[PDB]
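**Q** My structure is below; once you've seen it, I'll send some questions.
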Amino acid sequence: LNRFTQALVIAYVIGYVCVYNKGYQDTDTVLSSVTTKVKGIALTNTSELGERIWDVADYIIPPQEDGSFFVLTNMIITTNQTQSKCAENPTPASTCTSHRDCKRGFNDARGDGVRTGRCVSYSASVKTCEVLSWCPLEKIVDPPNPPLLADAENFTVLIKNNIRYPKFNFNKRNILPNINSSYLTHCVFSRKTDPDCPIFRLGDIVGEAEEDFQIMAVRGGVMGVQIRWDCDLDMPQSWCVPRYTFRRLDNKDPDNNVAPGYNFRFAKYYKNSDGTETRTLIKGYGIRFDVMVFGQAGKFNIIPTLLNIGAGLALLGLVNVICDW
Amino acid sequence: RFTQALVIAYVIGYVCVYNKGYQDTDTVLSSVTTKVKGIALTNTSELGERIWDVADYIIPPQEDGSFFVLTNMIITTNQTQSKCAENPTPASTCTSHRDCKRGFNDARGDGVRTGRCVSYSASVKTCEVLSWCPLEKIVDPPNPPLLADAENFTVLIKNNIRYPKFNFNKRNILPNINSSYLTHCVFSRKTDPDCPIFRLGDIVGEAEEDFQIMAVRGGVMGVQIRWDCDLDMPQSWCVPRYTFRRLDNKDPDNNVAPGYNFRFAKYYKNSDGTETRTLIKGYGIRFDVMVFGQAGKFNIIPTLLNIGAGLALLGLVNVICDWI
Amino acid sequence: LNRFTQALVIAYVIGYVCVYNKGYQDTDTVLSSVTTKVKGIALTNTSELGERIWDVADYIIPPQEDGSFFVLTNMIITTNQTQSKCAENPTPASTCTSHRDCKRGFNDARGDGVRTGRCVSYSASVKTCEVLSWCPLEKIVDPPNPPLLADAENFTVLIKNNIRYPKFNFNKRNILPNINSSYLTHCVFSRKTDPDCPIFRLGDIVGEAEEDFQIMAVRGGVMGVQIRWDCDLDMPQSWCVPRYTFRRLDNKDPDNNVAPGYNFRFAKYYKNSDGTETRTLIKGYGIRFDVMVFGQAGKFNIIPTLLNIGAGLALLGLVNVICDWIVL
Ligand SMILES: *[C@@H]1O[C@H](CO)[C@@H](OC2O[C@H](CO)[C@@H](O)[C@H](O)[C@H]2NC(C)=O)[C@H](O)[C@H]1NC(C)=O
Ligand SMILES: *[C@@H]1O[C@H](CO)[C@@H](O[C@@H]2O[C@H](CO)[C@@H](O)[C@H](O)[C@H]2NC(C)=O)[C@H](O)[C@H]1NC(C)=O
Ligand SMILES: *[C@@H]1O[C@H](CO)[C@@H](O)[C@H](O)[C@H]1NC(C)=O
Ligand SMILES: *[C@@H]1O[C@H](CO)[C@@H](O)[C@H](O)[C@H]1NC(C)=O
Ligand SMILES: *[C@@H]1O[C@H](CO)[C@@H](O)[C@H](O)[C@H]1NC(C)=O
Ligand SMILES: *[C@@H]1O[C@H](CO)[C@@H](O)[C@H](O)[C@H]1NC(C)=O
Ligand SMILES: *[C@@H]1O[C@H](CO)[C@@H](O)[C@H](O)[C@H]1NC(C)=O
Ligand SMILES: *[C@@H]1O[C@H](CO)[C@@H](O)[C@H](O)[C@H]1NC(C)=O
Ligand SMILES: *[C@@H]1O[C@H](CO)[C@@H](O)[C@H](O)[C@H]1NC(C)=O
Ligand SMILES: *[C@@H]1O[C@H](CO)[C@@H](O)[C@H](O)[C@H]1NC(C)=O
Ligand SMILES: *[C@@H]1O[C@H](CO)[C@@H](O)[C@H](O)[C@H]1NC(C)=O
Ligand SMILES: *[C@H]1O[C@H](CO)[C@@H](O)[C@H](O)[C@H]1NC(C)=O
């Protein structure tokens with residue numbers, strides 16, 4: 034059996050660990066850099082404001098980040114805000130019977146405005162603590178449904194990705210050389226037909242991830258666009274190609290978390306003709322796209338090959354001793 | 036027979052529990068999400084009581100992972116494209132039209148120099164420059180900080196992570212957690228260790244620093260999240276380890292641009308159609324969420340490899356020590 | 034010749050793989066954090082707008098990102114935009130003979146504005162589909178040359194980089210301790226004279242990368258500022274130093290790609306005195322600087338050393354068999 038185990042370990046190292054595990058290569062992680070450009074426009078027949086356009090280029094993307102990017106899909110717009118005092122929103126913690134309940138400063142922190150000791154009426158029927166803040170306060174209301182920027186589904190993002198492996202002084206780009214420029218003029222990614230088209234539709238991105246753009250885009254979320262560069266360096270540089278994946282990253286489950294979906298506040302400031310400041314507060318919901326790039330590669334190397342082969346010999350010594358037992 | 040019992044206790048006992056060398060390694064793919072909550076009041080000198088809603092007014096701008104909380108500032112207003120005197124400086128000062136060179140003397144004092152020489156005041160005179168005017172006065176930042184209420188702010192930090200190799204992923208919000216809990220919990224090493232909502236002050240504090248001394252001139256806080264999991268263990272044992280470091284140097288010497296700050300502006304189309312802007316030198320603390328980690332389950336490839344060398348190693352151990 | 038191969042593998046492991054490959058160390062990747070601050074100002078004698086200043090601090094850098102940063106170098110400014118209906122731009126797809134060609138909503142998506150069914154004249158000689166949108170449209174024209182913010186070449190960016198190796202509880206900063214503060218007051222990086230000056234001039238950055246700031250800055254691009262921390266931790270902590278590299282990242286070749294160079298749109302919003310909104314649309318071209326920090330380090334360790342030595346012994350066993358076959 035001594036000649037049998039010896040033929041087993043030789044088929045175990047060369048056959049198993051050197052093609053299946055490919056242990057004869059040195060590893061190297063990817064040094065990445067990405068670039069996005071979103072194209073589209075969206076209409077909205079607001080209740081009172083009437084038809085309105087949002088050019089996803091300028092109006093839709095706060096702000097214009099490096100790798101990742103954020104597409105506005107839904108919103109609650111508070112206007113004509115000015116530095117002033119006013120009534121908090123009706124709430125067990127905010128409600129007051131008189132000047133005694135309102136404490137200056139402390140009752141402030143809670144309702145997004147600083148409380149002055151004064152107690153005022155939120156309306157005729159009810160009364161609550163006065164707060165100085167950006168006024169009028171933001172109404173407490175649910176986001177519109179369907180989403181205003183529902184046209185977002187049909188947007189499209191061009192994703193350029195240059196990568197390099199420092200160790201192997203090798204680099205490549207997600208736009209393969211065998212590609213027409215007129216092709217990228219109107220192509221759009223799809224696993225089936227056009228797999229090399231770096232322009233992805235937003236909906237397709239969310240879809241592919243087993244989700245639904247229209248249900249998401251109401252309260253927001255974050256989509257992970259994973260690009261994987263797993264190349265065999267010893268193979269032709271032509272075989273090196275990006276593998277695109279798509280995940281929803283945040284939790285949809287209302288329980289067992291907080292800040293469901295994804296959203297943030299931002300503002301537009303306007304010097305009124307009176308010289309006084311006013312701002313428009315915007316609670317924007319949307320989908321944030323995180324472009325996550327990673328990978329590994331390796332050519333042949335004598336250092337790792339000899340070191341694995343060496344242990345394969347010592348391992349055949351034990352194996353023949355395991356055959357004796 | 037004694038050395039053979041030593042190497043067996045050396046590999047299985049030492050390198051396979053202490054070094055845990057029977058596992059395959061994998062680095063983390065991370066993704067984070069922050070939301071800062073708070074508000075702050077300022078009784079400016081002249082401007083009087085004023086509110087800054089850390090949500091909208093306090094965070095320029097709203098970045099991905101990391102985020103930046105405005106804590107102090109020097110506000111220059113009513114800026115317009117125009118000419119005016121540079122700030123008094125050995126390089127900028129002039130005796131007459133001869134000292135002011137057009138364009139060149141520009142680069143230095145944050146405005147372009149027209150050949151003209153003008154008085155910065157009655158007693159002194161310096162090169163005229165076109166620029167955003169009036170210039171930003173040269174003054175120290177307020178102390179205490181205006182947005183000193185910042186200490187008491189709180190940041191929710193969500194962190195989803197995945198290990199590609201082991202097709203495994205977890206989130207910093209553990210499943211054994213009420214939603215009402217996260218409604219008002221606040222992190223603390225002692226009582227609530229699983230509360231992902233950290234107070235800013237606590238963050239700076241924990242790092243052995245002081246929010247009020249920092250927030251005056253600014254700095255950058257590293258919020259390190261470490262995911263070191265044993266994948267062969269139950270997926271339930273996989274948990275984030277939070278650390279806190281100040282990253283920038285507080286020492287005035289041996290560096291430049293102490294603390295952390297930047298300029299930004301607010302533009303306003305005047306009714307005359309002419310442009311004016313408000314220049315703001317914002318100081319603050321920038322929070323860098325740095326996520327990293329490693330994990331590994333059992334694997335025959337690495338185990339046999341290491342055991343193999345352990346045998347060859349007992350050959351040199353017994354042959355070389357017998358020679359000694 | 035067996036005593037010969039045994040002296041060969043010994044000189045192969047200790048001599049080759051343990052000094053040249055340094056395989057006796059454990060590896061560790063760098064934890065990084067960077068901070069940039071760009072300083073400069075730039076003038077522009079626009080056609081009609083006359084002399085104008087852009088303080089790279091505030092006016093030049095949309096927006097103020099974490100690691101990477103973006104310097105505005107060229108632009109096409111569309112002003113007095115307001116929500117309104119107006120003619121699309123002349124195009125085979127947009128052109129219309131009458132009300133019949135213009136479909137409400139659908140002909141919208143294409144020309145950056147939503148089409149109302151009505152067909153209007155883009156001018157006296159031609160007519161095209163009316164669209165509601167931010168109006169007037171952005172004229173279709175090529176970016177100015179030379180670039181308006183051509184003064185950008187002479188800007189300078191301070192790049193502060195703190196790094197740490199978690200495993201070895203070791204950390205260091207790209208500003209070495211042997212450095213005066215007055216030095217960094219006016220130093221400027223150069224491979225030759227001042228190699229330890231973390232304040233790089235933009236042009237020098239692009240130059241070093243074998244490119245030209247003035248040709249780039251017209252249509253934009255992205256520069257990779259690579260910082261490499263390759264330290265030997267068993268060596269004195271003083272030998273640990275950053276190596277700076279520079280490499281244009283985007284493709285200049287017009288063919289075999291799209292979105293050549295680098296640019297984006299952004300806007301300035303103004304509440305008109307009438308209460309109505311107006312905005313200034315800006316197609317900004319520029320160079321985006323990506324600070325890419327990476328590295329590896331390692332001290333001595335018995336685990337990896339014994340491992341490699343162990344295989345060197347088994348390797349000497351087969352090496353005896355290699356000279357056997359050579360003997361025939
Ligand atoms: C440029 O020219 C090619 C013309 O064939 C085109 O190739 C294909 O594109 C379609 C996309 O739906 C595939 O259905 C089709 O199989 C491909 N055709 C063949 C057989 O070549 C390329 O896509 C264009 N650019 C390149 C070079 O990829
Ligand atoms: C999850 O939910 C419950 C309900 O809020 C928490 O219960 C509180 O928990 C503690 C610890 O057992 C009690 O001492 C308190 O009396 C409870 N508070 C009140 C007033 O209801 C429970 O702690 C939470 N579990 C976790 C995630 O630790
Ligand atoms: C948008 O809103 C109005 C008011 O309901 C409607 O009359 C008009 O048709 C709508 N426009 C489009 C293009 O849908
Ligand atoms: C997106 O695409 C299709 C095809 O144009 C269109 O019919 C549908 O209305 C679009 N969805 C939205 C909500 O814009
Ligand atoms: C802030 O400043 C003024 C002026 O001294 C004072 O009258 C007012 O009470 C202060 N506001 C608060 C609520 O702290
Ligand atoms: C702003 O600009 C003009 C510049 O001449 C000056 O007259 C005016 O005083 C300034 N306005 C304010 C409110 O300070
Ligand atoms: C935040 O909290 C405590 C609450 O008692 C208070 O003492 C402190 O003044 C607050 N800090 C600041 C700086 O407002
Ligand atoms: C800029 O533009 C004008 C108009 O051509 C010229 O008169 C003026 O000298 C220029 N300014 C500078 C400082 O170069
Ligand atoms: C800007 O917008 C309006 C509305 O279309 C137009 O009537 C007006 O002429 C424009 N103003 C200027 C300054 O050209
Ligand atoms: C920048 O620097 C050089 C050297 O001072 C100067 O000759 C050149 O004019 C400058 N470039 C621009 C665009 O001002
Ligand atoms: C600091 O000081 C001395 C002053 O003579 C000078 O030689 C040296 O170059 C400076 N060191 C650095 C790091 O610039
Ligand atoms: C917004 O709010 C206040 C409410 O009293 C009103 O005085 C002001 O005119 C409004 N601003 C405009 C001009 O829309």
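Residue numbers (the deposited numbering), protein chains in the order written: chain C, 34 to 358; chain A, 36 to 359; chain B, 34 to 361. Ideal Cβ positions, reconstructed from N, Cα and C, are used throughout, including at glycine.
#1: Between the Cα of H132/C and the Cα atoms of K160/C, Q116/C, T115/C, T77/C, which residue gives the shortest distance?
#2: Could you have a look at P293/B and say whether DSSP puts it in helix, strand or coil?
#3: Count the CB pairs spanning the stretch 116-128 of chain C and the stretch 157-171 of chain C that are closer than 8 Å, and state whether there are at least three.
#4: Thinking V251/B and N178/B are a contact (beta carbons under 8 Å), I'd like their distance in whole angstroms, please.
#5: Under 7 Å from any heavy atom of ligand 4, by CB: list those residues in chain order, please.
#6: Using DSSP with H/G/I as helix, E/B as strand and the rest coil, what is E186/B?
#7: Verify the CB distance criterion: does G73/B have a CB-CB separation below 9 Å to chain A?
#8: Mark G308/A as exposed unless 16 or more other C-beta atoms lie within 10 angstroms of its C-beta, in which case mark it buried.
#9: Starting from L105/C, find everything on chain A with Cβ-Cβ shorter than 8 Å and list it in chain order.
#10: Using a Cβ cut-off of 9 Å (strictly closer), state whether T311/C contacts chain B.
#11: Between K200/A and the rest of its own chain, which residues show a CB-CB distance below 8 Å, the 5 nearest in sequence each way excluded?
#12: Check each residue of the stretch 295-309 of chain B: if its Cβ is closer than 8 Å to any Cβ of chain C, include it; give the result in chain order.
#13: Between the stretch 282-298 of chain C and the stretch 202-217 of chain A, do at least 3 Cβ pairs fall closer than 8 Å?
#14: For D229/A, which residues in the same chain have their Cβ closer than 7 Å to its Cβ, ignoring the five residues on either side in sequence?
#15: Would you give the residue range spanned by the alpha helix (DSSP H) that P337/A belongs to?
#16: Three or more beta-carbon pairs under 8 Å between the stretch 43-55 of chain A and the stretch 81-100 of chain C, yes or no?
#17: In chain B, which residues lie with their C-beta within 7 Å of the C-beta of residue 14/C?
#18: Using a Cβ-based criterion (distance less than 8 Å to any ligand heavy atom), does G308/B qualify as near ligand 12?
#19: Flag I212/B as yes if its beta-carbon sits less than 9 Å from any beta-carbon of chain A, otherwise no.
#20: Could you work out which residues of chain A lie near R85/B, taking near to mean beta carbons separated by less than 9 Å?
#21: Is it the case that the CB of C168/A approaches a heavy atom of ligand 9 more closely than 8 Å?
#22: Can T38/A and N353/A be called in contact, C-beta distance under 9 Å?
#23: Is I196/C closer than 9 Å to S66/C when the C-beta atoms are compared?
#24: Please confirm whether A185/A and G319/A have their CB atoms less than 9 Å apart.
#25: Which residue or residues does DSSP assign as beta-bridge partners of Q329/B?
#26: The stretch 324-345 of chain C: which residues have C-beta closer than 9 Å to a C-beta of chain A, in chain order?
#27: Quick one: Cα of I110/B to Cα of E163/B, how far?
#28: Taking 8 Å as the cut-off, is the C-beta of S223/A nearer than that to any heavy atom in ligand 6?
#29: List the residues that DSSP assigns as beta-bridge partners of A250/B.
#30: Less than 7 Å between C-beta atoms, sequence neighbours within five positions excluded: which residues of the same chain meet that for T311/B?
#31: Which same chain residues, not among the five before or five after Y49/C, have their C-beta less than 8 Å away from its C-beta?
#32: To the nearest angstrom, how far is the alpha carbon of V255/C from that of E244/C?
#33: Quick one: any contact between the stretch 272-283 of chain B and the stretch 137-155 of chain B, if contact means 3 or more CB pairs under 8 Å?
#34: Under 7 Å from any heavy atom of ligand 2, by CB: list those residues in chain order, please.
#35: DSSP three-state label for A44/B, please.
#36: At 8 Å on the CB atoms, spell out the chain A contacts of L217/B, in chain order.
**A** On the basis of the supplied data:
#1: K160/C
#2: coil
#3: Judged by Cβ distances under 8 Å, the stretch 116-128 of chain C makes contact with the stretch 157-171 of chain C, as three or more pairs qualify.
#4: 5 Å
#5: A183/C, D184/C, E186/C, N187/C
#6: helix
#7: yes
#8: exposed
#9: What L105/C touches in chain A: nothing, since even the nearest Cβ is about 12 Å away.
#10: Answer yes: the Cβ-Cβ gap between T311/C and chain B drops below 9 Å somewhere.
#11: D59, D61
#12: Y295, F297, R298, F299, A300, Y302, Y303, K304, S306
#13: yes
#14: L209, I212
#15: 335-358
#16: Touching, no, given that fewer than three Cβ pairs across the two stretches are closer than 8 Å.
#17: Here chain C has residues from 34 to 358 only, and residue 14/C is not among them.
#18: For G308/B, the CB falls within less than 8 Å of some heavy atom of ligand 12.
#19: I212/B counts as touching chain A.
#20: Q116, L165
#21: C168/A has its CB no nearer than 8 Å to any heavy atom of ligand 9.
#22: yes
#23: yes
#24: yes
#25: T62/B, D263/B
#26: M325, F327, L340, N341, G343, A344, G345
#27: 22 Å
#28: no
#29: The partner list for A250/B (beta bridge, DSSP) is empty, contrary to what the question assumes.
#30: These residues qualify, in order along the chain: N113, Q114, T115, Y303, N305.
#31: none
#32: 11 Å
#33: no
#34: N211/A, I212/A, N213/A, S215/A, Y216/A, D229/A
#35: Of the three classes helix, strand and coil, the one that applies to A44/B here is helix, per DSSP.
#36: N290, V291
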